[PDB]
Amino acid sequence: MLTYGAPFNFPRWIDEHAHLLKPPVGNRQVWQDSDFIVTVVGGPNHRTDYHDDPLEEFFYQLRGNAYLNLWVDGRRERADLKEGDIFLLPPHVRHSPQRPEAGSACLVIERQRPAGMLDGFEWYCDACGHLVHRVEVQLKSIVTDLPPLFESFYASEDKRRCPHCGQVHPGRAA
């Protein structure tokens, strides 16, 4: 059987869900329970953390512009996803995706991680640039598995304390 259904129009699928592709929600998986994790990610959404994925992530900016703050060779870099752009992020590269624009849409693809394989999340000192905080996590369900992790850091002056210049990372925004 056609487990994931049959083809459907994508433009007008996005439009239908536009109400979920703007915070508090922010994103939307297309199919459930599939090896390819396929999501549309919409703005506005800024975030403070860095994902460390053990596999690859594929981006394709269908609508609006966005960007990825990165960590490269020691410096902090930036990838621009102006509209129309595609990009393939290699594994373990550290990325913080900023979607300033209201009603931007970006297709993001990735693979269900198999048991044994954990993702890291990481925040860095704004000032001394040392790693403030890191959690590794067997990512099973984006929904259930991920917000709580963010709260524990965001609601604790203690974790946000840099183990170098003792400066307290903001957690909320910038």
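We call the rigid core the largest set of C-alpha positions that still match within 1.5 Å between the two forms. Note that residue numbering begins at 1 and tracks the sequence as displayed.
Displacement analysis by core superposition in 5 other deposited structures of this protein ranks 21-29 above the other of 21-29 and 150-158 in root-mean-square C-alpha distance from the shown form.
When the other structures are laid on the shown form by the rigid core, the stretch among 119-127 and 140-148 with the greater C-alpha deviation in 5 other deposited structures of this protein turns out to be 140-148.
Between 130-138 and 24-32, it is 24-32 that carries the larger average Cα temperature factor according to the deposited entry. For the pair 102-110 and 140-148, the mean B factor over Cα atoms is greater in 140-148.
Considering 90, 97, 74, 84 together, the PDB entry gives 74 the largest C-alpha B factor.
In the PDB entry, a CA B factor belonging to the middle third of its chain's modelled residues is recorded for residue 115. Annotation for residue 68: CA B-factor lies in the middle third of the chain's modelled residues.
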